[PDB]
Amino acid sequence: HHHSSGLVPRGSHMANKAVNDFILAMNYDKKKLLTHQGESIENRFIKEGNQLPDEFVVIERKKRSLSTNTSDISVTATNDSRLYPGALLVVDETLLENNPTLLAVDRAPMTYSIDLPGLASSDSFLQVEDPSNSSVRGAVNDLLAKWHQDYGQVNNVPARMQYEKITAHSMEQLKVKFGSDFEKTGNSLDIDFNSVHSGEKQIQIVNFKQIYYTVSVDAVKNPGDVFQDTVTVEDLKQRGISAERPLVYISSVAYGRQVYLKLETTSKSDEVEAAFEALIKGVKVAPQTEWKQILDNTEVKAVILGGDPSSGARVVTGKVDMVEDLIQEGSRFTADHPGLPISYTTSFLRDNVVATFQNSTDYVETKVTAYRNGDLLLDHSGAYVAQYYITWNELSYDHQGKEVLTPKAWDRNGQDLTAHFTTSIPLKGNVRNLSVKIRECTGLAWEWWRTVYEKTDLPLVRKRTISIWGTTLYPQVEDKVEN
């Protein structure tokens, strides 16, 4: 069947079979080609003692590693022309990073199927004669506006909803979760990691995918079935394509609306998880519970990709206010605004097995416990000389991460005080083994002094008001707490 010349005529079926044979000949390790091991910086940690305004924070850096393995690649850019159903991509780091190298060579016609409800099967198949972002998007978009009349409006056609949340600890942890190209919208989300490190904030990052439709491609029978006979093995090699560097095709793309959302709070009340989770389902357990306390200390920045003139709104809508509105904007696919690429999956050209990306990393996990600042008030309205004895400890954490108690005591301890005396004392959140003893001189000689109050390890409440009064023989005392 060979040619006299010994050559393989470009544009002939022999060239396409040369290509076909070339791809089948390839041997590579799918898993090895698509694996990234992030920073494996896993060490040891210290307990830290930090003083914020209004509270004392003890910080426990534990150690964890997130590792995910999915075939679905999430879209960050708003009009990537490389990401069309059918596109050939090179398996590289470029692919591993949501910045793939397209292989635009002369492309054979492809048939797509799209999964819209209310579409006579026969009318869900689109033949595209020369696949490309322009021609594929052109074909489905024609179809949509046609489907838009005889169904789309006369029905509530609800978008597939997909929830996904994580607690930000670092950027590389978010990337393993959301995708290697998260940094883009990550840096737009204004995720202040510095303050999660120091225990001032708590950042959760949720992701909402709303899928209108998904356009797909069947298994390719023969690897060179995607090229016109004008493409030759030598063309493939000119462009770096080998078995060391094989190619995949985009086997489906899901179109719709996506929104990445950042819930930043200053409430280190470890029970934030439900405060955030609730708010997401629009439910309102009303003020003034702990939930409506947290959410008022909550800022929200959001990036929104989809269901609009093909760009992104980095909005910072303010407080927990605009979230029902965000999760509601474009919940129904109407076919008036055929949303953008939201996610896509690739299958190897050789054998059709879907490509799955293994990603991992170690991140510094920051658990935090907080001790609220308090006040201790004394009021002496009594007909006698009194003496206070007020003592406590200041808990610190030395370089080397251990527990140091540097004992303090009130300045005017042991002096005689007489009505009407009043002080207020700033006890910071780091104070332990609080002790207050109050004695009163009775004037009796057989009982000169008489202790009227004595408590060790006083709980550091927000406001405690110890008040002594009455006479030498009948003192009275109040110990009045408030929160």
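Residue indices: 1-based, along the sequence shown.
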Of 157-165 vs 333-341, the stretch with the larger average CA B-factor in the entry is 333-341
Ranked by mean Cα B-factor in the entry, 472-480 and 3-11, top stretch is 3-11
For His36, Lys63, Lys31, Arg439, the deposited C-alpha B-factor is largest at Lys63
Per the deposited B-factor column, the C-alpha that peaks among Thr456, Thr68, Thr451, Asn50 belongs to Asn50
Among the modelled residues of its chain, the C-alpha B-factor of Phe45 falls in the third labelled highest
Tertile call for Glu129 (CA temperature factor, within chain, third-based) is the middle
Binned into thirds over the chain's modelled residues, the C-alpha B-factor of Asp351 lands in the lowest
Chain-relative C-alpha B factor for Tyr384 (record values, thirds): the lowest
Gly240: CA temperature factor from the record, placed by chain third, in the lowest
